[PDB]
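**Student:** Going left to right, the sequence shown walks through residues 117 to 243 as UniProt numbering numbers them. Have a look at the structure that comes next, please.
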Amino acid sequence: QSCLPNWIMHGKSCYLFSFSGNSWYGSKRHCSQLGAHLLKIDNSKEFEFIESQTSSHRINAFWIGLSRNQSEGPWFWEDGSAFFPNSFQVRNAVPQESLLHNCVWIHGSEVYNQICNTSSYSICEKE
């Protein structure tokens, strides 16, 4: 149907690639404000679309709507649904002890957990 100005339609959603730096916390507020949520990746088809874009902006990283409340806990999406590795794995590239790498971004073609207050770009989604 229709998407808003500067948003991109694909599959069953409208997506906003937000090229402004913000923490995970601010990125979440920003999408909520637009009546949207941080990106949720449900399947490989959706991943392939998103990756076609993130790989073309590979010097940036993009916050997505996956996070955990503590280091030991499971990943969950913004709507509260459980994470299943049916599209990607969350890669751990954490070089030292940390209790704080609890938010997820996509960088290039890969998905990484990172400290939540880190400034990055983000992707919003509205169904």
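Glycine included, C-beta positions come from ideal geometry on N, C-alpha and C.
If you compare alpha carbons, which of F200, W179, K128 and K242 is closest to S235?
**Tutor:** The residue labelled residue 235 in the question sits at position 119 within the sequence shown. The candidate whose alpha carbon is nearest that of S235 is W179.
**Student:** Within a Cβ cutoff of 8 Å, which residues of the same chain sit near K128, ignoring the five residues on either side of it in sequence?
**Tutor:** By one-based count along the sequence shown, residue 128 stands at place 12. Counting only Cβ-Cβ distances below 8 Å, and skipping sequence neighbours, we find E243.
**Student:** Between the C-alpha atoms of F204 and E213, what's the straight-line distance to the nearest angstrom?
**Tutor:** Walking along the sequence shown from the start, residue 204 turns up at place 88. Walking along the sequence shown from the start, residue 213 turns up at place 97. Their Cα atoms are separated by approximately 24 Å.
**Student:** For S236, list the residues DSSP reports as bridge partners.
**Tutor:** Taking the first residue of the sequence shown as 1, we reach residue 236 at position 120. Answer is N138, bridged to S236.
**Student:** Could you tell me the alpha carbon to alpha carbon distance between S148 and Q117, rounded to whole angstroms?
**Tutor:** Indexing the sequence shown from 1 puts residue 148 at position 32. Indexing the sequence shown from 1 puts residue 117 at position 1. Approximately 21 Å between the Cα atoms of the pair.
**Student:** Mind checking whether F135 and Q169 have CB atoms under 9 Å apart?
**Tutor:** Within the sequence shown, the letter at position 19 stands for residue 135. Within the sequence shown, the letter at position 53 stands for residue 169. Cβ atoms of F135 and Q169: not closer than 9 Å.
**Student:** Beta-carbon within less than 7 Å of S139's beta-carbon, same chain only, minus the 5 sequence neighbours each way: which residues are those?
**Tutor:** Position 23 of the sequence shown, counting from 1, holds the residue named residue 139. Excluding sequence neighbours, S139 sits near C232, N233, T234 and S235.
**Student:** Count the other CB atoms within 10 Å of the CB of residue 60; is the residue buried (16 or more) or exposed (fewer)?
**Tutor:** Residue 60 is absent from the model: the chain starts at 117 and stops at 243.
**Student:** Can you list, in chain order, the stretches of the alpha helix (DSSP H) that have 4 or more residues and sit fully within the UniProt domain "C-type lectin" (126 to 241)?
**Tutor:** Correct list: 140 to 149 and 160 to 170.
**Student:** Do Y237 and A209 have their CB atoms nearer than 9 Å?
**Tutor:** Counting from 1 along the sequence shown, the entry for residue 237 is found at position 121. Counting from 1 along the sequence shown, the entry for residue 209 is found at position 93. Not a contact, by the Cβ cut-off of 9 Å.
**Student:** Which one of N122, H153 and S172 has the shortest CA to CA distance from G224?
**Tutor:** To locate residue 224, count along the sequence shown from 1; it is residue 108. When each option's Cα is compared against that of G224, the closest is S172.
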